[PDB]
file target.cif (mmCIF, N, CA and C atoms)
data_my_file
#
loop_
_atom_site.label_atom_id
_atom_site.label_comp_id
_atom_site.auth_asym_id
_atom_site.auth_seq_id
_atom_site.Cartn_x
_atom_site.Cartn_y
_atom_site.Cartn_z
N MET C 1 0.81 -1.22 0.00
CA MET C 1 0.00 0.00 0.00
C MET C 1 0.85 1.29 0.00
N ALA C 2 2.01 1.28 0.71
CA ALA C 2 2.98 2.41 0.75
C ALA C 2 3.53 2.71 -0.66
N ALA C 3 3.81 1.64 -1.44
CA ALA C 3 4.29 1.73 -2.83
C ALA C 3 3.26 2.43 -3.72
N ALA C 4 1.93 2.22 -3.45
CA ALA C 4 0.88 2.87 -4.24
C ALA C 4 0.88 4.37 -3.94
N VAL C 5 1.14 4.72 -2.65
CA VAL C 5 1.20 6.11 -2.20
C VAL C 5 2.42 6.78 -2.86
N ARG C 6 3.60 6.11 -2.79
CA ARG C 6 4.83 6.60 -3.44
C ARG C 6 4.57 6.82 -4.94
N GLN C 7 3.92 5.84 -5.60
CA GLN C 7 3.55 5.90 -7.02
C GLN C 7 2.65 7.11 -7.31
N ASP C 8 1.53 7.26 -6.56
CA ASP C 8 0.59 8.37 -6.71
C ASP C 8 1.29 9.72 -6.54
N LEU C 9 2.16 9.82 -5.51
CA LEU C 9 2.93 11.04 -5.24
C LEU C 9 3.93 11.35 -6.37
N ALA C 10 4.64 10.30 -6.87
CA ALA C 10 5.59 10.46 -7.99
C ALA C 10 4.88 11.00 -9.25
N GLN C 11 3.65 10.48 -9.53
CA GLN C 11 2.81 10.89 -10.68
C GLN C 11 2.39 12.35 -10.56
N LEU C 12 2.07 12.82 -9.32
CA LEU C 12 1.68 14.24 -9.15
C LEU C 12 2.84 15.26 -9.21
N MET C 13 4.08 14.83 -8.84
CA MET C 13 5.29 15.70 -8.78
C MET C 13 5.37 16.83 -9.82
N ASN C 14 5.20 16.48 -11.11
CA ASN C 14 5.27 17.43 -12.21
C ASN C 14 3.90 17.66 -12.88
N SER C 15 2.82 17.68 -12.08
CA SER C 15 1.47 17.95 -12.59
C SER C 15 1.32 19.43 -12.93
N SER C 16 0.52 19.73 -13.97
CA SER C 16 0.24 21.09 -14.43
C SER C 16 -1.10 21.64 -13.89
N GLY C 17 -1.83 20.82 -13.14
CA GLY C 17 -3.14 21.15 -12.58
C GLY C 17 -3.17 22.32 -11.61
N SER C 18 -4.37 22.91 -11.45
CA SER C 18 -4.61 24.04 -10.55
C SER C 18 -4.31 23.70 -9.09
N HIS C 19 -3.95 24.73 -8.30
CA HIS C 19 -3.60 24.62 -6.88
C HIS C 19 -4.60 23.82 -6.06
N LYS C 20 -5.88 24.23 -6.07
CA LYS C 20 -6.95 23.57 -5.32
C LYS C 20 -7.13 22.10 -5.72
N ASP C 21 -6.98 21.82 -7.04
CA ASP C 21 -7.15 20.45 -7.53
C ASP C 21 -5.95 19.60 -7.13
N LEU C 22 -4.74 20.14 -7.33
CA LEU C 22 -3.48 19.47 -7.01
C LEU C 22 -3.36 19.20 -5.51
N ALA C 23 -3.59 20.23 -4.67
CA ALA C 23 -3.56 20.11 -3.21
C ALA C 23 -4.62 19.13 -2.72
N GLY C 24 -5.81 19.16 -3.34
CA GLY C 24 -6.90 18.24 -3.03
C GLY C 24 -6.52 16.79 -3.28
N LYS C 25 -5.76 16.53 -4.38
CA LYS C 25 -5.27 15.18 -4.73
C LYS C 25 -4.19 14.73 -3.76
N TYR C 26 -3.29 15.65 -3.35
CA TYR C 26 -2.27 15.35 -2.34
C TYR C 26 -2.96 15.04 -1.00
N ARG C 27 -4.01 15.81 -0.65
CA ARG C 27 -4.78 15.60 0.58
C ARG C 27 -5.48 14.24 0.57
N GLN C 28 -5.99 13.81 -0.61
CA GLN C 28 -6.61 12.50 -0.78
C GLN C 28 -5.56 11.40 -0.53
N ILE C 29 -4.33 11.58 -1.06
CA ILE C 29 -3.21 10.63 -0.83
C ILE C 29 -2.82 10.62 0.66
N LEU C 30 -2.83 11.80 1.30
CA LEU C 30 -2.55 11.93 2.74
C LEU C 30 -3.61 11.16 3.55
N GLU C 31 -4.91 11.34 3.21
CA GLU C 31 -6.00 10.62 3.87
C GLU C 31 -5.87 9.11 3.68
N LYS C 32 -5.46 8.66 2.47
CA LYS C 32 -5.20 7.25 2.18
C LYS C 32 -4.06 6.74 3.06
N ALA C 33 -2.93 7.48 3.12
CA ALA C 33 -1.79 7.12 3.97
C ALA C 33 -2.20 7.03 5.46
N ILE C 34 -2.99 8.02 5.95
CA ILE C 34 -3.48 8.06 7.34
C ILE C 34 -4.41 6.88 7.69
N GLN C 35 -5.22 6.40 6.72
CA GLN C 35 -6.13 5.27 6.95
C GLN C 35 -5.40 3.91 7.04
N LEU C 36 -4.06 3.88 6.74
CA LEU C 36 -3.33 2.61 6.88
C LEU C 36 -3.01 2.36 8.37
N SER C 37 -2.68 1.11 8.74
CA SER C 37 -2.40 0.77 10.13
C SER C 37 -1.15 -0.11 10.31
N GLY C 38 -0.09 0.48 10.85
CA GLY C 38 1.16 -0.21 11.16
C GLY C 38 2.38 0.33 10.43
N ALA C 39 3.31 -0.58 10.10
CA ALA C 39 4.53 -0.25 9.37
C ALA C 39 4.20 0.32 7.98
N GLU C 40 3.05 -0.09 7.40
CA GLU C 40 2.56 0.40 6.11
C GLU C 40 2.23 1.88 6.22
N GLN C 41 1.56 2.28 7.34
CA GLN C 41 1.19 3.68 7.60
C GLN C 41 2.45 4.51 7.78
N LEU C 42 3.37 4.02 8.64
CA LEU C 42 4.66 4.67 8.90
C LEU C 42 5.41 4.90 7.58
N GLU C 43 5.57 3.83 6.76
CA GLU C 43 6.24 3.91 5.46
C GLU C 43 5.57 4.89 4.50
N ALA C 44 4.22 4.87 4.42
CA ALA C 44 3.45 5.78 3.55
C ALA C 44 3.60 7.24 3.99
N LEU C 45 3.53 7.49 5.31
CA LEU C 45 3.70 8.84 5.85
C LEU C 45 5.11 9.37 5.59
N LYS C 46 6.13 8.49 5.67
CA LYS C 46 7.52 8.86 5.35
C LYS C 46 7.64 9.20 3.87
N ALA C 47 7.00 8.39 2.99
CA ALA C 47 6.97 8.65 1.55
C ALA C 47 6.31 10.01 1.30
N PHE C 48 5.22 10.33 2.05
CA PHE C 48 4.54 11.61 1.94
C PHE C 48 5.47 12.77 2.27
N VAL C 49 6.21 12.68 3.39
CA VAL C 49 7.19 13.70 3.78
C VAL C 49 8.27 13.82 2.71
N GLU C 50 8.83 12.68 2.27
CA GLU C 50 9.86 12.66 1.23
C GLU C 50 9.37 13.33 -0.05
N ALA C 51 8.09 13.12 -0.43
CA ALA C 51 7.52 13.78 -1.61
C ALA C 51 7.41 15.31 -1.39
N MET C 52 6.94 15.74 -0.20
CA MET C 52 6.77 17.16 0.14
C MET C 52 8.06 17.98 0.13
N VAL C 53 9.15 17.41 0.66
CA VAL C 53 10.44 18.11 0.71
C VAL C 53 11.15 18.12 -0.66
N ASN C 54 10.60 17.36 -1.67
CA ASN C 54 11.22 17.37 -3.00
C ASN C 54 11.12 18.78 -3.59
N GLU C 55 12.25 19.31 -4.09
CA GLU C 55 12.35 20.66 -4.64
C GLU C 55 11.44 20.93 -5.85
N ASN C 56 11.01 19.87 -6.56
CA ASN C 56 10.10 19.96 -7.72
C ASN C 56 8.63 20.17 -7.31
N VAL C 57 8.34 20.11 -5.99
CA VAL C 57 7.00 20.40 -5.46
C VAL C 57 7.06 21.84 -4.94
N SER C 58 6.14 22.70 -5.41
CA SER C 58 6.09 24.11 -5.01
C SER C 58 5.90 24.27 -3.51
N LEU C 59 6.61 25.26 -2.92
CA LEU C 59 6.54 25.56 -1.49
C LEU C 59 5.13 25.80 -0.99
N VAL C 60 4.29 26.44 -1.82
CA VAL C 60 2.91 26.71 -1.43
C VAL C 60 2.17 25.41 -1.13
N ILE C 61 2.38 24.37 -1.97
CA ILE C 61 1.77 23.05 -1.80
C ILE C 61 2.38 22.36 -0.57
N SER C 62 3.72 22.19 -0.58
CA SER C 62 4.45 21.52 0.49
C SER C 62 4.19 22.10 1.87
N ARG C 63 4.19 23.44 2.00
CA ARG C 63 3.90 24.10 3.28
C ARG C 63 2.48 23.79 3.73
N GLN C 64 1.51 23.90 2.80
CA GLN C 64 0.11 23.66 3.13
C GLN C 64 -0.08 22.22 3.59
N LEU C 65 0.41 21.27 2.79
CA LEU C 65 0.23 19.86 3.07
C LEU C 65 1.05 19.36 4.24
N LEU C 66 2.25 19.93 4.50
CA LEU C 66 3.02 19.55 5.69
C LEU C 66 2.32 20.05 6.96
N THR C 67 1.68 21.24 6.88
CA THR C 67 0.90 21.76 8.01
C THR C 67 -0.28 20.80 8.27
N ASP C 68 -1.02 20.42 7.21
CA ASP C 68 -2.14 19.46 7.31
C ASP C 68 -1.65 18.14 7.92
N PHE C 69 -0.56 17.60 7.34
CA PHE C 69 0.14 16.39 7.77
C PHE C 69 0.42 16.46 9.27
N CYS C 70 1.00 17.59 9.74
CA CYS C 70 1.32 17.80 11.16
C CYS C 70 0.08 17.73 12.07
N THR C 71 -1.08 18.26 11.61
CA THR C 71 -2.31 18.21 12.42
C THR C 71 -2.81 16.78 12.64
N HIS C 72 -2.44 15.84 11.74
CA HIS C 72 -2.87 14.45 11.89
C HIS C 72 -1.99 13.65 12.88
N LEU C 73 -0.73 14.11 13.09
CA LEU C 73 0.23 13.32 13.88
C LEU C 73 -0.11 13.15 15.38
N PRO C 74 -0.65 14.18 16.10
CA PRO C 74 -1.05 13.96 17.50
C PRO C 74 -2.10 12.85 17.66
N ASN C 75 -2.85 12.50 16.55
CA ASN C 75 -3.85 11.43 16.64
C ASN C 75 -3.21 10.03 16.63
N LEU C 76 -1.92 9.94 16.26
CA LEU C 76 -1.19 8.67 16.18
C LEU C 76 -0.56 8.26 17.50
N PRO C 77 -0.23 6.95 17.70
CA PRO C 77 0.47 6.54 18.93
C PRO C 77 1.80 7.27 19.08
N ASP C 78 2.20 7.51 20.33
CA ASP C 78 3.40 8.25 20.71
C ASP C 78 4.67 7.80 20.00
N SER C 79 4.94 6.49 19.97
CA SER C 79 6.16 6.00 19.33
C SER C 79 6.17 6.27 17.82
N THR C 80 4.98 6.16 17.19
CA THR C 80 4.83 6.42 15.76
C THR C 80 5.01 7.91 15.50
N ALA C 81 4.27 8.76 16.25
CA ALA C 81 4.34 10.21 16.13
C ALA C 81 5.77 10.69 16.33
N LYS C 82 6.45 10.22 17.40
CA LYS C 82 7.84 10.57 17.72
C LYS C 82 8.77 10.25 16.56
N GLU C 83 8.66 9.02 16.01
CA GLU C 83 9.51 8.68 14.89
C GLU C 83 9.27 9.53 13.66
N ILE C 84 8.01 9.82 13.35
CA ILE C 84 7.66 10.66 12.21
C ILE C 84 8.14 12.10 12.42
N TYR C 85 8.01 12.65 13.65
CA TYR C 85 8.48 14.00 13.95
C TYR C 85 9.99 14.09 13.68
N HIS C 86 10.78 13.13 14.22
CA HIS C 86 12.23 13.12 13.99
C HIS C 86 12.59 12.97 12.52
N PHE C 87 11.91 12.04 11.82
CA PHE C 87 12.12 11.81 10.39
C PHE C 87 11.85 13.09 9.60
N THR C 88 10.71 13.76 9.90
CA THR C 88 10.31 15.00 9.23
C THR C 88 11.33 16.10 9.46
N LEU C 89 11.81 16.28 10.71
CA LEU C 89 12.85 17.28 11.00
C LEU C 89 14.12 16.99 10.22
N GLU C 90 14.52 15.71 10.17
CA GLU C 90 15.71 15.29 9.44
C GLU C 90 15.59 15.53 7.93
N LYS C 91 14.41 15.22 7.34
CA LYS C 91 14.18 15.46 5.90
C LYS C 91 13.97 16.95 5.57
N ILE C 92 13.50 17.76 6.54
CA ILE C 92 13.33 19.21 6.36
C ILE C 92 14.68 19.93 6.48
N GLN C 93 15.63 19.37 7.26
CA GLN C 93 16.93 20.01 7.53
C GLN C 93 17.62 20.65 6.30
N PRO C 94 17.73 19.99 5.11
CA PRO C 94 18.37 20.66 3.96
C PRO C 94 17.66 21.93 3.47
N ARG C 95 16.36 22.09 3.77
CA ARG C 95 15.56 23.25 3.39
C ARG C 95 14.88 23.85 4.63
N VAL C 96 15.52 23.73 5.82
CA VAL C 96 15.00 24.20 7.12
C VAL C 96 14.43 25.65 7.08
N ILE C 97 15.15 26.56 6.38
CA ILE C 97 14.81 27.98 6.19
C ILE C 97 13.40 28.15 5.59
N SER C 98 13.03 27.26 4.66
CA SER C 98 11.73 27.29 3.99
C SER C 98 10.56 26.75 4.83
N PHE C 99 10.86 25.87 5.83
CA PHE C 99 9.81 25.21 6.62
C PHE C 99 9.87 25.53 8.13
N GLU C 100 10.45 26.69 8.48
CA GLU C 100 10.54 27.18 9.86
C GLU C 100 9.25 27.04 10.70
N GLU C 101 8.08 27.43 10.15
CA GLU C 101 6.79 27.33 10.83
C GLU C 101 6.49 25.87 11.23
N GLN C 102 6.70 24.94 10.27
CA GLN C 102 6.46 23.52 10.47
C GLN C 102 7.44 22.96 11.48
N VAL C 103 8.73 23.36 11.39
CA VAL C 103 9.77 22.94 12.34
C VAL C 103 9.35 23.29 13.77
N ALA C 104 8.89 24.53 13.99
CA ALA C 104 8.46 24.99 15.31
C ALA C 104 7.29 24.15 15.82
N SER C 105 6.24 23.95 14.97
CA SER C 105 5.09 23.11 15.34
C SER C 105 5.52 21.68 15.72
N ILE C 106 6.36 21.07 14.86
CA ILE C 106 6.88 19.71 15.08
C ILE C 106 7.64 19.65 16.40
N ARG C 107 8.58 20.58 16.62
CA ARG C 107 9.38 20.59 17.84
C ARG C 107 8.54 20.73 19.10
N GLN C 108 7.49 21.57 19.06
CA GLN C 108 6.58 21.73 20.19
C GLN C 108 5.86 20.41 20.50
N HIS C 109 5.30 19.74 19.46
CA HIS C 109 4.62 18.45 19.65
C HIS C 109 5.57 17.36 20.16
N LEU C 110 6.76 17.28 19.53
CA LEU C 110 7.78 16.29 19.88
C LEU C 110 8.26 16.46 21.32
N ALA C 111 8.55 17.72 21.71
CA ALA C 111 8.97 18.01 23.08
C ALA C 111 7.89 17.62 24.08
N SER C 112 6.59 17.83 23.71
CA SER C 112 5.47 17.43 24.57
C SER C 112 5.42 15.92 24.78
N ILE C 113 5.75 15.12 23.73
CA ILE C 113 5.82 13.65 23.90
C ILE C 113 6.95 13.31 24.88
N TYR C 114 8.17 13.83 24.63
CA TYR C 114 9.30 13.57 25.53
C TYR C 114 8.99 13.99 26.97
N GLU C 115 8.30 15.12 27.15
CA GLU C 115 7.90 15.61 28.47
C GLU C 115 6.95 14.61 29.15
N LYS C 116 5.91 14.15 28.42
CA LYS C 116 4.94 13.17 28.91
C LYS C 116 5.63 11.88 29.36
N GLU C 117 6.72 11.50 28.68
CA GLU C 117 7.51 10.31 29.01
C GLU C 117 8.61 10.59 30.05
N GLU C 118 8.67 11.82 30.59
CA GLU C 118 9.67 12.26 31.57
C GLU C 118 11.11 12.18 31.04
N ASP C 119 11.28 12.36 29.72
CA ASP C 119 12.59 12.38 29.06
C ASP C 119 12.96 13.86 28.91
N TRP C 120 13.19 14.49 30.07
CA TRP C 120 13.40 15.91 30.24
C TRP C 120 14.46 16.53 29.33
N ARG C 121 15.66 15.92 29.27
CA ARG C 121 16.77 16.41 28.47
C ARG C 121 16.41 16.45 26.99
N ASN C 122 15.74 15.37 26.50
CA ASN C 122 15.40 15.33 25.08
C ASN C 122 14.35 16.39 24.77
N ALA C 123 13.36 16.54 25.68
CA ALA C 123 12.32 17.56 25.54
C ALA C 123 12.94 18.96 25.48
N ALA C 124 13.85 19.25 26.43
CA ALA C 124 14.53 20.54 26.47
C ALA C 124 15.35 20.78 25.20
N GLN C 125 16.18 19.79 24.78
CA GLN C 125 17.00 19.90 23.57
C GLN C 125 16.15 20.12 22.32
N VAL C 126 15.00 19.43 22.23
CA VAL C 126 14.07 19.61 21.11
C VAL C 126 13.57 21.06 21.05
N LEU C 127 13.19 21.64 22.21
CA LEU C 127 12.75 23.04 22.22
C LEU C 127 13.87 24.04 21.97
N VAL C 128 15.08 23.74 22.47
CA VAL C 128 16.28 24.57 22.27
C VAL C 128 16.57 24.68 20.77
N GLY C 129 16.24 23.62 20.03
CA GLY C 129 16.39 23.59 18.57
C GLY C 129 15.52 24.57 17.79
N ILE C 130 14.47 25.16 18.43
CA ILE C 130 13.61 26.15 17.77
C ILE C 130 14.39 27.46 17.66
N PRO C 131 14.59 27.99 16.43
CA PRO C 131 15.35 29.24 16.28
C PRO C 131 14.52 30.50 16.53
N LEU C 132 14.27 30.80 17.83
CA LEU C 132 13.48 31.94 18.29
C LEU C 132 14.02 33.31 17.89
N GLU C 133 15.36 33.42 17.80
CA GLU C 133 16.06 34.66 17.46
C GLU C 133 16.81 34.59 16.13
#

call {"tool": "encode", "arguments": {"input": "target.cif", "output": "structure tokens"}}
result
Amino acid sequence: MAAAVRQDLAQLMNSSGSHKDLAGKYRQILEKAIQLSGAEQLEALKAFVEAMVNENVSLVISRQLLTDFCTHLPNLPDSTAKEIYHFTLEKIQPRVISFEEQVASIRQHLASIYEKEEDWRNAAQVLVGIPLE
């Protein structure tokens, strides 16, 4: 199922379609990825992030869909959410300047998981990573 998501995302990469239609199709793929359960969901969500950070996808689309993507992550189990947050930060790192808003949201959610688990140092380091100044 993750391969179908990767396939669908690869097909949209160089689409000429309108913003609302294109974003709507990416959102449909996101909803498909979110409806999976297990390693398939994890793999599909990673493929989604990998597609979003691709330079051939316009920032307007990637920013919108990564924000949408982020709103779905608190609904996932802690270990899954934590891994996806770290993966997303790592894949955003080469273009960190372009996704600052998403980085801040991710770091706040991630630090909250570490805090809930009493992993104080990791929670603090995650928040210290937010470039406030």

call {"tool": "atom_distance", "arguments": {"input": "target.cif", "atom1": "atom N of residue C:130", "atom2": "atom C of residue C:67"}}
result
18.4 Å

call {"tool": "axis_aligned_box", "arguments": {"input": "target.cif", "around": "stretch 87-98 of chain C", "padding_each_side": "8 Å", "output": "lines of an AutoDock Vina configuration file"}}
result
center_x = 14.3
center_y = 20.0
center_z = 7.6
size_x = 24.1
size_y = 32.3
size_z = 24.4

call {"tool": "resolve_selection", "arguments": {"input": "target.cif", "expression": "the PyMOL selection byres (((chain C and resi 87-97 and name CA) around 10) and name CA)", "output": "list in words"}}
result
residues 45, 46, 48, 49, 50, 52, 53, 54, 55, 66, 70, 81, 82, 83, 84, 85, 86, 98, 99, 100, 101, 102, 103, 104, 106 and 107 of chain C

call {"tool": "atom_distance", "arguments": {"input": "target.cif", "atom1": "atom CA of residue C:128", "atom2": "atom N of residue C:77"}}
result
24.6 Å

call {"tool": "closest_atom_pairs", "arguments": {"input": "target.cif", "of": "stretch 51-79 of chain C", "to": "stretch 4-20 of chain C", "cutoff": "8 Å", "atoms": "all atoms listed in the file", "output": "CSV"}}
result
residue,atom,partner,partner_atom,distance
C:51,CA,C:9,C,6.4
C:52,N,C:9,CA,8.0
C:56,C,C:13,C,5.3
C:57,N,C:13,C,5.9
C:58,N,C:13,C,7.4
C:61,CA,C:19,CA,7.6

call {"tool": "atom_distance", "arguments": {"input": "target.cif", "atom1": "atom CA of residue C:109", "atom2": "atom CA of residue C:64"}}
result
17.9 Å

call {"tool": "closest_residue", "arguments": {"input": "target.cif", "among": "C:44, C:80, C:74, C:110", "to": "residue C:32", "atoms": "all atoms listed in the file"}}
result
C:44

call {"tool": "select_by_dssp", "arguments": {"input": "target.cif", "residues": "stretch 20-132 of chain C", "states": "helix (DSSP H, G or I)", "output": "PyMOL selection string"}}
result
chain C and resi 20-34+39-52+59-75+78-116+120-128
